[PDB]
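Colleague: Here you go, this is run-v9.txt (compact mmCIF, N, CA and C atoms).
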```txt
# COMPACT_ATOMS: atom_id res chain seq x y z
N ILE A 1 -3.69 -9.59 -62.07
CA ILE A 1 -3.98 -10.37 -60.87
C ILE A 1 -2.89 -10.18 -59.83
N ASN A 2 -1.67 -9.85 -60.28
CA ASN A 2 -0.58 -9.64 -59.35
C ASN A 2 -0.74 -8.31 -58.61
N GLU A 3 -1.17 -7.27 -59.32
CA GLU A 3 -1.42 -5.99 -58.66
C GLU A 3 -2.50 -6.13 -57.60
N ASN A 4 -3.64 -6.72 -57.97
CA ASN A 4 -4.76 -6.82 -57.05
C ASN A 4 -4.46 -7.79 -55.91
N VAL A 5 -3.71 -8.85 -56.20
CA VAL A 5 -3.36 -9.81 -55.15
C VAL A 5 -2.44 -9.16 -54.13
N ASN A 6 -1.48 -8.36 -54.59
CA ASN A 6 -0.59 -7.66 -53.66
C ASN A 6 -1.36 -6.63 -52.85
N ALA A 7 -2.30 -5.93 -53.47
CA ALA A 7 -3.12 -4.98 -52.74
C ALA A 7 -3.93 -5.67 -51.65
N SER A 8 -4.52 -6.82 -51.97
CA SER A 8 -5.27 -7.57 -50.97
C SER A 8 -4.36 -8.00 -49.83
N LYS A 9 -3.16 -8.46 -50.16
CA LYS A 9 -2.21 -8.87 -49.13
C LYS A 9 -1.80 -7.70 -48.25
N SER A 10 -1.74 -6.49 -48.82
CA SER A 10 -1.36 -5.33 -48.03
C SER A 10 -2.43 -4.97 -47.02
N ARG A 11 -3.70 -5.07 -47.41
CA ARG A 11 -4.78 -4.76 -46.49
C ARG A 11 -4.81 -5.73 -45.32
N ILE A 12 -4.27 -6.93 -45.50
CA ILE A 12 -4.33 -7.97 -44.48
C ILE A 12 -3.05 -8.02 -43.66
N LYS A 13 -1.90 -7.78 -44.29
CA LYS A 13 -0.60 -8.07 -43.69
C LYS A 13 0.21 -6.84 -43.34
N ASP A 14 0.46 -5.94 -44.30
CA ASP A 14 1.33 -4.81 -44.00
C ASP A 14 0.66 -3.85 -43.03
N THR A 15 1.49 -3.14 -42.27
CA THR A 15 1.02 -2.27 -41.21
C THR A 15 0.61 -0.91 -41.75
N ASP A 16 -0.32 -0.27 -41.05
CA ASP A 16 -0.71 1.11 -41.32
C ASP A 16 0.10 2.00 -40.40
N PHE A 17 1.13 2.65 -40.94
CA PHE A 17 2.03 3.43 -40.12
C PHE A 17 1.35 4.60 -39.44
N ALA A 18 0.21 5.07 -39.96
CA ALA A 18 -0.51 6.15 -39.30
C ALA A 18 -1.20 5.67 -38.03
N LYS A 19 -1.73 4.44 -38.05
CA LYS A 19 -2.44 3.92 -36.88
C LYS A 19 -1.49 3.24 -35.90
N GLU A 20 -0.39 2.67 -36.40
CA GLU A 20 0.54 1.97 -35.52
C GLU A 20 1.39 2.95 -34.73
N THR A 21 1.80 4.06 -35.36
CA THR A 21 2.54 5.08 -34.63
C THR A 21 1.68 5.71 -33.54
N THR A 22 0.40 5.92 -33.83
CA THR A 22 -0.51 6.43 -32.81
C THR A 22 -0.65 5.43 -31.67
N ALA A 23 -0.73 4.13 -31.99
CA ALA A 23 -0.84 3.12 -30.95
C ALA A 23 0.44 3.04 -30.13
N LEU A 24 1.59 3.28 -30.76
CA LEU A 24 2.85 3.26 -30.02
C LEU A 24 2.92 4.42 -29.04
N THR A 25 2.57 5.63 -29.49
CA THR A 25 2.65 6.79 -28.61
C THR A 25 1.67 6.66 -27.45
N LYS A 26 0.47 6.14 -27.71
CA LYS A 26 -0.48 5.92 -26.63
C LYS A 26 0.09 4.95 -25.60
N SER A 27 0.77 3.90 -26.06
CA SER A 27 1.35 2.94 -25.14
C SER A 27 2.51 3.55 -24.36
N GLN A 28 3.22 4.50 -24.97
CA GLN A 28 4.31 5.18 -24.27
C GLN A 28 3.77 6.03 -23.13
N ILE A 29 2.77 6.87 -23.41
CA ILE A 29 2.21 7.73 -22.37
C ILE A 29 1.60 6.88 -21.26
N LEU A 30 0.88 5.82 -21.63
CA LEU A 30 0.30 4.95 -20.62
C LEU A 30 1.37 4.31 -19.76
N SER A 31 2.53 4.00 -20.36
CA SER A 31 3.64 3.45 -19.60
C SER A 31 4.17 4.46 -18.60
N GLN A 32 4.26 5.73 -19.00
CA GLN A 32 4.78 6.76 -18.11
C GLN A 32 3.77 7.11 -17.02
N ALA A 33 2.48 7.02 -17.33
CA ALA A 33 1.46 7.30 -16.33
C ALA A 33 1.41 6.20 -15.28
N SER A 34 1.57 4.95 -15.70
CA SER A 34 1.60 3.85 -14.75
C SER A 34 2.89 3.86 -13.94
N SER A 35 3.99 4.30 -14.55
CA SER A 35 5.24 4.42 -13.82
C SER A 35 5.17 5.51 -12.77
N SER A 36 4.55 6.65 -13.11
CA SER A 36 4.43 7.74 -12.16
C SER A 36 3.53 7.36 -11.00
N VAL A 37 2.39 6.73 -11.29
CA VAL A 37 1.49 6.29 -10.23
C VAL A 37 2.15 5.21 -9.39
N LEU A 38 2.99 4.38 -10.01
CA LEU A 38 3.73 3.38 -9.27
C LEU A 38 4.72 4.03 -8.31
N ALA A 39 5.33 5.14 -8.73
CA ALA A 39 6.27 5.84 -7.86
C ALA A 39 5.57 6.37 -6.61
N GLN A 40 4.37 6.93 -6.77
CA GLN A 40 3.64 7.44 -5.61
C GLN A 40 3.09 6.31 -4.76
N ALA A 41 2.75 5.18 -5.38
CA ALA A 41 2.22 4.06 -4.62
C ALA A 41 3.28 3.43 -3.74
N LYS A 42 4.55 3.48 -4.17
CA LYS A 42 5.63 2.94 -3.35
C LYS A 42 5.76 3.71 -2.04
N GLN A 43 5.40 4.99 -2.04
CA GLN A 43 5.49 5.82 -0.85
C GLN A 43 4.27 5.71 0.04
N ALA A 44 3.26 4.94 -0.36
CA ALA A 44 2.08 4.77 0.48
C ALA A 44 2.42 4.19 1.84
N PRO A 45 3.22 3.13 1.96
CA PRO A 45 3.52 2.60 3.30
C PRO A 45 4.27 3.57 4.19
N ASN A 46 4.92 4.59 3.62
CA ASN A 46 5.62 5.56 4.45
C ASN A 46 4.68 6.24 5.44
N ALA A 47 3.39 6.33 5.10
CA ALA A 47 2.43 6.92 6.02
C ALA A 47 2.43 6.19 7.36
N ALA A 48 2.65 4.88 7.35
CA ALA A 48 2.67 4.12 8.59
C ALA A 48 3.82 4.55 9.49
N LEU A 49 4.95 4.93 8.89
CA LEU A 49 6.09 5.38 9.69
C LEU A 49 5.77 6.66 10.45
N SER A 50 5.02 7.57 9.83
CA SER A 50 4.64 8.81 10.50
C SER A 50 3.78 8.57 11.72
N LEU A 51 3.20 7.38 11.87
CA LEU A 51 2.38 7.04 13.02
C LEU A 51 3.22 6.66 14.24
N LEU A 52 4.50 7.00 14.26
CA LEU A 52 5.38 6.68 15.38
C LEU A 52 5.36 5.18 15.66
N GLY A 53 5.38 4.39 14.60
CA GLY A 53 5.38 2.95 14.71
C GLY A 53 6.21 2.32 13.62
N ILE B 1 -6.64 -12.35 -10.13
CA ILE B 1 -6.89 -13.16 -8.94
C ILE B 1 -5.77 -12.96 -7.93
N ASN B 2 -4.55 -12.74 -8.41
CA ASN B 2 -3.43 -12.52 -7.51
C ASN B 2 -3.63 -11.25 -6.69
N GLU B 3 -4.11 -10.19 -7.34
CA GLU B 3 -4.30 -8.92 -6.64
C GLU B 3 -5.42 -9.01 -5.62
N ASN B 4 -6.57 -9.57 -6.02
CA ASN B 4 -7.70 -9.65 -5.11
C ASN B 4 -7.44 -10.64 -3.99
N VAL B 5 -6.61 -11.65 -4.25
CA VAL B 5 -6.23 -12.59 -3.20
C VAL B 5 -5.27 -11.93 -2.22
N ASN B 6 -4.43 -11.03 -2.71
CA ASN B 6 -3.51 -10.32 -1.82
C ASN B 6 -4.24 -9.28 -0.99
N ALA B 7 -5.23 -8.61 -1.58
CA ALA B 7 -6.03 -7.66 -0.82
C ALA B 7 -6.83 -8.36 0.27
N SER B 8 -7.42 -9.51 -0.05
CA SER B 8 -8.15 -10.26 0.96
C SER B 8 -7.22 -10.74 2.06
N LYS B 9 -6.01 -11.16 1.70
CA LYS B 9 -5.04 -11.58 2.70
C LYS B 9 -4.65 -10.43 3.60
N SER B 10 -4.49 -9.23 3.03
CA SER B 10 -4.12 -8.07 3.82
C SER B 10 -5.21 -7.73 4.83
N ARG B 11 -6.47 -7.81 4.42
CA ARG B 11 -7.57 -7.48 5.32
C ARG B 11 -7.64 -8.45 6.49
N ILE B 12 -7.17 -9.68 6.30
CA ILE B 12 -7.29 -10.70 7.33
C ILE B 12 -6.02 -10.79 8.17
N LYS B 13 -4.87 -10.47 7.58
CA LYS B 13 -3.57 -10.76 8.19
C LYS B 13 -2.75 -9.52 8.50
N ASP B 14 -2.62 -8.58 7.56
CA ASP B 14 -1.76 -7.44 7.78
C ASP B 14 -2.32 -6.52 8.86
N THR B 15 -1.41 -5.93 9.63
CA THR B 15 -1.79 -5.05 10.73
C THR B 15 -2.12 -3.66 10.21
N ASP B 16 -3.12 -3.05 10.84
CA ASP B 16 -3.47 -1.66 10.59
C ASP B 16 -2.58 -0.81 11.50
N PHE B 17 -1.59 -0.15 10.91
CA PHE B 17 -0.65 0.64 11.69
C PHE B 17 -1.31 1.83 12.38
N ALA B 18 -2.42 2.33 11.85
CA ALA B 18 -3.14 3.40 12.53
C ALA B 18 -3.84 2.89 13.78
N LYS B 19 -4.50 1.74 13.69
CA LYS B 19 -5.21 1.19 14.84
C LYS B 19 -4.26 0.56 15.85
N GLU B 20 -3.15 -0.01 15.38
CA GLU B 20 -2.24 -0.70 16.29
C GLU B 20 -1.40 0.28 17.08
N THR B 21 -0.96 1.37 16.45
CA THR B 21 -0.21 2.38 17.18
C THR B 21 -1.06 3.02 18.26
N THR B 22 -2.35 3.19 18.00
CA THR B 22 -3.25 3.69 19.03
C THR B 22 -3.38 2.69 20.18
N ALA B 23 -3.40 1.40 19.86
CA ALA B 23 -3.50 0.38 20.90
C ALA B 23 -2.21 0.28 21.70
N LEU B 24 -1.07 0.55 21.06
CA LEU B 24 0.20 0.54 21.77
C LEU B 24 0.30 1.72 22.72
N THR B 25 -0.06 2.91 22.25
CA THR B 25 0.00 4.09 23.10
C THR B 25 -0.94 3.96 24.29
N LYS B 26 -2.16 3.46 24.06
CA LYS B 26 -3.10 3.27 25.16
C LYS B 26 -2.52 2.31 26.19
N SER B 27 -1.82 1.27 25.74
CA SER B 27 -1.21 0.33 26.67
C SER B 27 -0.10 1.00 27.47
N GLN B 28 0.68 1.87 26.83
CA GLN B 28 1.76 2.55 27.53
C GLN B 28 1.21 3.46 28.63
N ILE B 29 0.15 4.20 28.33
CA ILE B 29 -0.43 5.08 29.34
C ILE B 29 -1.04 4.26 30.47
N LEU B 30 -1.71 3.16 30.14
CA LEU B 30 -2.32 2.33 31.17
C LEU B 30 -1.25 1.65 32.01
N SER B 31 -0.08 1.40 31.43
CA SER B 31 1.02 0.82 32.20
C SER B 31 1.60 1.84 33.17
N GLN B 32 1.69 3.10 32.74
CA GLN B 32 2.17 4.16 33.63
C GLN B 32 1.15 4.46 34.72
N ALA B 33 -0.14 4.36 34.40
CA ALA B 33 -1.17 4.63 35.39
C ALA B 33 -1.25 3.52 36.42
N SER B 34 -1.04 2.28 35.99
CA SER B 34 -1.05 1.16 36.93
C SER B 34 0.21 1.16 37.79
N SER B 35 1.35 1.52 37.19
CA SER B 35 2.59 1.61 37.96
C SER B 35 2.50 2.71 39.01
N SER B 36 1.91 3.85 38.64
CA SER B 36 1.78 4.94 39.60
C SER B 36 0.87 4.55 40.75
N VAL B 37 -0.27 3.94 40.45
CA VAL B 37 -1.18 3.52 41.51
C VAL B 37 -0.51 2.48 42.39
N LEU B 38 0.32 1.62 41.80
CA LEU B 38 1.04 0.63 42.58
C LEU B 38 2.01 1.30 43.54
N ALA B 39 2.69 2.36 43.09
CA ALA B 39 3.61 3.07 43.97
C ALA B 39 2.88 3.65 45.17
N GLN B 40 1.75 4.33 44.95
CA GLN B 40 0.97 4.83 46.07
C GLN B 40 0.36 3.70 46.88
N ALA B 41 0.24 2.51 46.29
CA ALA B 41 -0.29 1.37 47.03
C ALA B 41 0.73 0.81 48.01
N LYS B 42 2.02 0.83 47.64
CA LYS B 42 3.05 0.29 48.51
C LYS B 42 3.18 1.09 49.80
N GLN B 43 2.86 2.38 49.76
CA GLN B 43 2.97 3.23 50.93
C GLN B 43 1.73 3.18 51.81
N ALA B 44 0.69 2.46 51.40
CA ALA B 44 -0.50 2.33 52.24
C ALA B 44 -0.18 1.71 53.59
N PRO B 45 0.54 0.59 53.68
CA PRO B 45 0.81 0.01 55.01
C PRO B 45 1.64 0.91 55.91
N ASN B 46 2.35 1.89 55.36
CA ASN B 46 3.14 2.79 56.20
C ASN B 46 2.27 3.52 57.21
N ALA B 47 0.97 3.66 56.92
CA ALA B 47 0.07 4.31 57.86
C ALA B 47 0.09 3.59 59.21
N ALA B 48 0.21 2.26 59.19
CA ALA B 48 0.23 1.51 60.44
C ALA B 48 1.41 1.92 61.31
N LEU B 49 2.56 2.21 60.70
CA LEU B 49 3.70 2.69 61.47
C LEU B 49 3.39 4.01 62.16
N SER B 50 2.56 4.85 61.54
CA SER B 50 2.18 6.12 62.15
C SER B 50 1.33 5.94 63.40
N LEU B 51 0.81 4.74 63.65
CA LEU B 51 0.02 4.46 64.84
C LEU B 51 0.88 3.98 66.00
N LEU B 52 2.16 4.35 66.03
CA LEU B 52 3.05 3.99 67.13
C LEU B 52 3.05 2.48 67.36
N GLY B 53 3.05 1.72 66.27
CA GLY B 53 3.04 0.27 66.35
C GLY B 53 3.71 -0.37 65.15
```
Write out the structure in this file as structure tokens.

Modeller:
Amino acid sequence: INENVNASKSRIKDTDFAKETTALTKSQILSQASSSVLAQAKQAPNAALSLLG
Amino acid sequence: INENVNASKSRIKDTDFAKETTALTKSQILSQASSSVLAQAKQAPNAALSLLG
């Protein structure tokens, strides 16, 4: 009962390192993509300066 | 809600630098055109002096 109880607890509680590492890397790339788009969005108002105003 | 409220505020309150710079330039040209016509207007009465009077 201890073997099976621990196995049940693992399916519920312990992490799946194969799926969690994939989720981490996806969150990293998404962070860099949002940071890059944020960098270009900061330069959007610069267009108004080119209007001689 | 914060983003859509800020976009709505921009549409109602923030200035369009493309449309406003065009309105500023048009005003500058119209000011130069009115000033020029005024200059030629000041010399209109000088014609009376040309009538030996």

Colleague: Could you do a least-squares fit of chain A on chain B over every C-alpha atom, in sequence order, and give the output as a PDB file with N, CA and C atoms, in the coordinates of the input?

Modeller:
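Done, and the output landed in result_37.pdb:
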```
ATOM      1  N   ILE A   1      -6.659 -12.364 -10.203  1.00  0.00           N
ATOM      2  CA  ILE A   1      -6.949 -13.139  -8.999  1.00  0.00           C
ATOM      3  C   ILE A   1      -5.852 -12.954  -7.966  1.00  0.00           C
ATOM      4  N   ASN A   2      -4.632 -12.635  -8.423  1.00  0.00           N
ATOM      5  CA  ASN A   2      -3.535 -12.430  -7.500  1.00  0.00           C
ATOM      6  C   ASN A   2      -3.681 -11.097  -6.763  1.00  0.00           C
ATOM      7  N   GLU A   3      -4.107 -10.056  -7.474  1.00  0.00           N
ATOM      8  CA  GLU A   3      -4.343  -8.772  -6.816  1.00  0.00           C
ATOM      9  C   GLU A   3      -5.419  -8.900  -5.750  1.00  0.00           C
ATOM     10  N   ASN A   4      -6.565  -9.483  -6.112  1.00  0.00           N
ATOM     11  CA  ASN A   4      -7.681  -9.571  -5.186  1.00  0.00           C
ATOM     12  C   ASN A   4      -7.382 -10.540  -4.045  1.00  0.00           C
ATOM     13  N   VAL A   5      -6.642 -11.607  -4.335  1.00  0.00           N
ATOM     14  CA  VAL A   5      -6.293 -12.566  -3.284  1.00  0.00           C
ATOM     15  C   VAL A   5      -5.363 -11.920  -2.271  1.00  0.00           C
ATOM     16  N   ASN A   6      -4.399 -11.129  -2.739  1.00  0.00           N
ATOM     17  CA  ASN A   6      -3.499 -10.433  -1.816  1.00  0.00           C
ATOM     18  C   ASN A   6      -4.257  -9.395  -1.005  1.00  0.00           C
ATOM     19  N   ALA A   7      -5.195  -8.689  -1.622  1.00  0.00           N
ATOM     20  CA  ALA A   7      -6.003  -7.731  -0.890  1.00  0.00           C
ATOM     21  C   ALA A   7      -6.813  -8.412   0.206  1.00  0.00           C
ATOM     22  N   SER A   8      -7.413  -9.558  -0.107  1.00  0.00           N
ATOM     23  CA  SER A   8      -8.164 -10.299   0.899  1.00  0.00           C
ATOM     24  C   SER A   8      -7.251 -10.733   2.035  1.00  0.00           C
ATOM     25  N   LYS A   9      -6.056 -11.203   1.700  1.00  0.00           N
ATOM     26  CA  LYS A   9      -5.104 -11.617   2.726  1.00  0.00           C
ATOM     27  C   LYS A   9      -4.680 -10.448   3.601  1.00  0.00           C
ATOM     28  N   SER A  10      -4.614  -9.240   3.027  1.00  0.00           N
ATOM     29  CA  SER A  10      -4.221  -8.080   3.811  1.00  0.00           C
ATOM     30  C   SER A  10      -5.283  -7.709   4.826  1.00  0.00           C
ATOM     31  N   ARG A  11      -6.555  -7.801   4.443  1.00  0.00           N
ATOM     32  CA  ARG A  11      -7.628  -7.480   5.368  1.00  0.00           C
ATOM     33  C   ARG A  11      -7.659  -8.446   6.541  1.00  0.00           C
ATOM     34  N   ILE A  12      -7.129  -9.650   6.362  1.00  0.00           N
ATOM     35  CA  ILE A  12      -7.192 -10.687   7.385  1.00  0.00           C
ATOM     36  C   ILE A  12      -5.908 -10.744   8.198  1.00  0.00           C
ATOM     37  N   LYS A  13      -4.759 -10.515   7.561  1.00  0.00           N
ATOM     38  CA  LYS A  13      -3.458 -10.813   8.155  1.00  0.00           C
ATOM     39  C   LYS A  13      -2.637  -9.588   8.497  1.00  0.00           C
ATOM     40  N   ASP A  14      -2.385  -8.693   7.533  1.00  0.00           N
ATOM     41  CA  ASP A  14      -1.505  -7.569   7.825  1.00  0.00           C
ATOM     42  C   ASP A  14      -2.163  -6.601   8.796  1.00  0.00           C
ATOM     43  N   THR A  15      -1.323  -5.895   9.549  1.00  0.00           N
ATOM     44  CA  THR A  15      -1.781  -5.018  10.609  1.00  0.00           C
ATOM     45  C   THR A  15      -2.183  -3.657  10.067  1.00  0.00           C
ATOM     46  N   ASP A  16      -3.104  -3.008  10.770  1.00  0.00           N
ATOM     47  CA  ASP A  16      -3.485  -1.625  10.498  1.00  0.00           C
ATOM     48  C   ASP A  16      -2.664  -0.739  11.411  1.00  0.00           C
ATOM     49  N   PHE A  17      -1.632  -0.099  10.863  1.00  0.00           N
ATOM     50  CA  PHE A  17      -0.721   0.677  11.676  1.00  0.00           C
ATOM     51  C   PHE A  17      -1.388   1.854  12.356  1.00  0.00           C
ATOM     52  N   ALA A  18      -2.528   2.331  11.841  1.00  0.00           N
ATOM     53  CA  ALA A  18      -3.236   3.419  12.501  1.00  0.00           C
ATOM     54  C   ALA A  18      -3.923   2.948  13.777  1.00  0.00           C
ATOM     55  N   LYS A  19      -4.462   1.722  13.763  1.00  0.00           N
ATOM     56  CA  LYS A  19      -5.170   1.211  14.939  1.00  0.00           C
ATOM     57  C   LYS A  19      -4.220   0.527  15.915  1.00  0.00           C
ATOM     58  N   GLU A  20      -3.127  -0.053  15.411  1.00  0.00           N
ATOM     59  CA  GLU A  20      -2.197  -0.758  16.288  1.00  0.00           C
ATOM     60  C   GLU A  20      -1.336   0.218  17.071  1.00  0.00           C
ATOM     61  N   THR A  21      -0.921   1.323  16.435  1.00  0.00           N
ATOM     62  CA  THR A  21      -0.169   2.339  17.158  1.00  0.00           C
ATOM     63  C   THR A  21      -1.018   2.979  18.251  1.00  0.00           C
ATOM     64  N   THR A  22      -2.298   3.198  17.967  1.00  0.00           N
ATOM     65  CA  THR A  22      -3.199   3.718  18.990  1.00  0.00           C
ATOM     66  C   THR A  22      -3.340   2.723  20.134  1.00  0.00           C
ATOM     67  N   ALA A  23      -3.432   1.423  19.819  1.00  0.00           N
ATOM     68  CA  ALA A  23      -3.544   0.417  20.862  1.00  0.00           C
ATOM     69  C   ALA A  23      -2.260   0.329  21.676  1.00  0.00           C
ATOM     70  N   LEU A  24      -1.112   0.558  21.039  1.00  0.00           N
ATOM     71  CA  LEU A  24       0.152   0.531  21.772  1.00  0.00           C
ATOM     72  C   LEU A  24       0.236   1.693  22.748  1.00  0.00           C
ATOM     73  N   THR A  25      -0.107   2.905  22.296  1.00  0.00           N
ATOM     74  CA  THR A  25      -0.013   4.067  23.172  1.00  0.00           C
ATOM     75  C   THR A  25      -0.988   3.948  24.338  1.00  0.00           C
ATOM     76  N   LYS A  26      -2.193   3.436  24.086  1.00  0.00           N
ATOM     77  CA  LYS A  26      -3.139   3.227  25.172  1.00  0.00           C
ATOM     78  C   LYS A  26      -2.571   2.255  26.202  1.00  0.00           C
ATOM     79  N   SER A  27      -1.902   1.199  25.741  1.00  0.00           N
ATOM     80  CA  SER A  27      -1.324   0.237  26.661  1.00  0.00           C
ATOM     81  C   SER A  27      -0.155   0.841  27.433  1.00  0.00           C
ATOM     82  N   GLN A  28       0.559   1.783  26.816  1.00  0.00           N
ATOM     83  CA  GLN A  28       1.658   2.457  27.508  1.00  0.00           C
ATOM     84  C   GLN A  28       1.130   3.314  28.648  1.00  0.00           C
ATOM     85  N   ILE A  29       0.135   4.161  28.371  1.00  0.00           N
ATOM     86  CA  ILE A  29      -0.412   5.029  29.412  1.00  0.00           C
ATOM     87  C   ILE A  29      -1.023   4.187  30.528  1.00  0.00           C
ATOM     88  N   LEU A  30      -1.753   3.131  30.165  1.00  0.00           N
ATOM     89  CA  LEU A  30      -2.334   2.269  31.180  1.00  0.00           C
ATOM     90  C   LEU A  30      -1.264   1.623  32.037  1.00  0.00           C
ATOM     91  N   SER A  31      -0.110   1.302  31.431  1.00  0.00           N
ATOM     92  CA  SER A  31       1.000   0.746  32.187  1.00  0.00           C
ATOM     93  C   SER A  31       1.543   1.755  33.181  1.00  0.00           C
ATOM     94  N   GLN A  32       1.640   3.023  32.777  1.00  0.00           N
ATOM     95  CA  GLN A  32       2.173   4.052  33.661  1.00  0.00           C
ATOM     96  C   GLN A  32       1.172   4.413  34.755  1.00  0.00           C
ATOM     97  N   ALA A  33      -0.121   4.332  34.452  1.00  0.00           N
ATOM     98  CA  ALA A  33      -1.133   4.623  35.457  1.00  0.00           C
ATOM     99  C   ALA A  33      -1.186   3.526  36.511  1.00  0.00           C
ATOM    100  N   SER A  34      -1.038   2.274  36.093  1.00  0.00           N
ATOM    101  CA  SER A  34      -1.011   1.176  37.047  1.00  0.00           C
ATOM    102  C   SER A  34       0.284   1.179  37.850  1.00  0.00           C
ATOM    103  N   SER A  35       1.384   1.609  37.232  1.00  0.00           N
ATOM    104  CA  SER A  35       2.638   1.721  37.955  1.00  0.00           C
ATOM    105  C   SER A  35       2.582   2.815  39.002  1.00  0.00           C
ATOM    106  N   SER A  36       1.969   3.958  38.662  1.00  0.00           N
ATOM    107  CA  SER A  36       1.863   5.052  39.610  1.00  0.00           C
ATOM    108  C   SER A  36       0.966   4.683  40.776  1.00  0.00           C
ATOM    109  N   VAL A  37      -0.180   4.061  40.494  1.00  0.00           N
ATOM    110  CA  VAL A  37      -1.078   3.631  41.560  1.00  0.00           C
ATOM    111  C   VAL A  37      -0.422   2.548  42.399  1.00  0.00           C
ATOM    112  N   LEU A  38       0.409   1.710  41.777  1.00  0.00           N
ATOM    113  CA  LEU A  38       1.145   0.706  42.516  1.00  0.00           C
ATOM    114  C   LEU A  38       2.145   1.352  43.469  1.00  0.00           C
ATOM    115  N   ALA A  39       2.761   2.456  43.043  1.00  0.00           N
ATOM    116  CA  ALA A  39       3.711   3.151  43.905  1.00  0.00           C
ATOM    117  C   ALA A  39       3.022   3.690  45.157  1.00  0.00           C
ATOM    118  N   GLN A  40       1.826   4.259  45.002  1.00  0.00           N
ATOM    119  CA  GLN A  40       1.106   4.778  46.165  1.00  0.00           C
ATOM    120  C   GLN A  40       0.552   3.655  47.021  1.00  0.00           C
ATOM    121  N   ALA A  41       0.200   2.526  46.406  1.00  0.00           N
ATOM    122  CA  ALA A  41      -0.335   1.412  47.172  1.00  0.00           C
ATOM    123  C   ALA A  41       0.725   0.776  48.049  1.00  0.00           C
ATOM    124  N   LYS A  42       1.993   0.815  47.612  1.00  0.00           N
ATOM    125  CA  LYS A  42       3.074   0.270  48.427  1.00  0.00           C
ATOM    126  C   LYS A  42       3.217   1.042  49.734  1.00  0.00           C
ATOM    127  N   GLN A  43       2.866   2.325  49.732  1.00  0.00           N
ATOM    128  CA  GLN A  43       2.969   3.158  50.919  1.00  0.00           C
ATOM    129  C   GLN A  43       1.753   3.060  51.816  1.00  0.00           C
ATOM    130  N   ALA A  44       0.735   2.297  51.424  1.00  0.00           N
ATOM    131  CA  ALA A  44      -0.442   2.138  52.271  1.00  0.00           C
ATOM    132  C   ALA A  44      -0.099   1.560  53.631  1.00  0.00           C
ATOM    133  N   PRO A  45       0.694   0.494  53.750  1.00  0.00           N
ATOM    134  CA  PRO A  45       0.997  -0.034  55.090  1.00  0.00           C
ATOM    135  C   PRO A  45       1.759   0.933  55.973  1.00  0.00           C
ATOM    136  N   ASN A  46       2.414   1.946  55.396  1.00  0.00           N
ATOM    137  CA  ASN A  46       3.126   2.913  56.219  1.00  0.00           C
ATOM    138  C   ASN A  46       2.196   3.603  57.212  1.00  0.00           C
ATOM    139  N   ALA A  47       0.905   3.702  56.879  1.00  0.00           N
ATOM    140  CA  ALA A  47      -0.045   4.302  57.802  1.00  0.00           C
ATOM    141  C   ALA A  47      -0.044   3.576  59.145  1.00  0.00           C
ATOM    142  N   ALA A  48       0.166   2.264  59.137  1.00  0.00           N
ATOM    143  CA  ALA A  48       0.187   1.508  60.380  1.00  0.00           C
ATOM    144  C   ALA A  48       1.345   1.932  61.272  1.00  0.00           C
ATOM    145  N   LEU A  49       2.475   2.301  60.665  1.00  0.00           N
ATOM    146  CA  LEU A  49       3.623   2.745  61.457  1.00  0.00           C
ATOM    147  C   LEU A  49       3.317   4.030  62.215  1.00  0.00           C
ATOM    148  N   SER A  50       2.570   4.944  61.596  1.00  0.00           N
ATOM    149  CA  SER A  50       2.203   6.188  62.265  1.00  0.00           C
ATOM    150  C   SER A  50       1.348   5.959  63.490  1.00  0.00           C
ATOM    151  N   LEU A  51       0.760   4.774  63.647  1.00  0.00           N
ATOM    152  CA  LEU A  51      -0.057   4.443  64.802  1.00  0.00           C
ATOM    153  C   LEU A  51       0.787   4.061  66.019  1.00  0.00           C
ATOM    154  N   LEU A  52       2.070   4.391  66.031  1.00  0.00           N
ATOM    155  CA  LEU A  52       2.953   4.067  67.147  1.00  0.00           C
ATOM    156  C   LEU A  52       2.923   2.569  67.432  1.00  0.00           C
ATOM    157  N   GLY A  53       2.932   1.775  66.374  1.00  0.00           N
ATOM    158  CA  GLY A  53       2.921   0.336  66.488  1.00  0.00           C
ATOM    159  C   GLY A  53       3.740  -0.304  65.396  1.00  0.00           C
TER     160      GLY A  53
END
```

Colleague: Work out how far apart CA of residue 49 in chain A and CA of residue 15 in chain B are and give it in Å to one decimal.

Modeller: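 Result for CA of residue 49 in chain A versus CA of residue 15 in chain B: 13.1 Å, one decimal.
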
Colleague: Using all atoms listed in the file, I'd like every residue of chain B that has an atom within 8 Å of chain A; please write them out as a PyMOL selection string.

Modeller: chain B and resi 16-18+20-22

Colleague: Could you pull out the alpha helix (DSSP H) residues of chain A from DSSP and send them as an MDAnalysis selection string?

Modeller: chainID A and resid 2:12 17:42 46:49

Colleague: In Å, with one decimal, what is the gap from CA of residue 46 in chain A to atom N of residue 26 in chain B?

Modeller: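 These atoms are spaced 21.2 Å apart.
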
Colleague: One number please: CA of residue 35 in chain A to atom C of residue 1 in chain B, in Å, one decimal.

Modeller: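 Spanning CA of residue 35 in chain A to atom C of residue 1 in chain B is a straight-line distance of 21.4 Å.
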